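K.L.:
For the sequence shown, the positions run 2 to 103 when my numbering is used.
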Amino acid sequence: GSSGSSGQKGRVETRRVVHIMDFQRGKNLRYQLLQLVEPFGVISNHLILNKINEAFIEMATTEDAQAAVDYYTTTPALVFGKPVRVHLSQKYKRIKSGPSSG
């Protein structure tokens with residue numbers, strides 16, 4: 002579209018938000034995406050927009066999410082059989098909160 006800038010950079014240990022795109026949906030989709038981090042760590046909170054193929058998964062430890070990414074650079078992440086995109090973003094302070102809030 003008309004939103005995005007180029008420029009590479011090192012690494013940073015801040016929160017955990019693995020962005021996944023180019024992924025399709027169908028039967029047990031939420032799992033197809035969560036399976037990209039599940040075996041990489043624990044699931045804290047995920048998010049799947051019902052508008053486009055944009056989803057974000059939050060891990061309990063940045064160490065996990067970060068790892069899930071190193072798997073996309075070394076190994077091709079084929080979702081549902083087709084290739085996709087995986088990145089290590091850092092948004093959504095708290096995708097979800099606890100019931101503690103009267």
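In this text, a Cβ means the ideal position worked out from N, Cα and C, and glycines have one as well.
1. Beta-carbon within less than 6 Å of residue 88's beta-carbon, same chain only, minus the 5 sequence neighbours each way: which residues are those?
2. Might you give, ordered along the chain, the residues of its own chain that have their beta carbon closer than 6 Å to the beta carbon of residue 61, omitting 5 neighbours on each side?
3. What residue range does the beta strand (DSSP E) around residue 56 cover?
4. Please state if the CB of residue 24 and the CB of residue 54 are separated by a distance shorter than 8 Å.
5. Between the Cα of residue 94 and those of 7, 3 and 17, spot the shortest distance and give me the residue it belongs to.
6. Can you list, in chain order, the residues of its chain with a C-beta nearer than 6 Å to that of residue 57? Leave out the 5 residues immediately preceding and following it.
P.N.:
Reading it off the structure:
1. 20
2. 43 and 45
3. 56 to 60
4. yes
5. 17
6. 18, 20 and 48
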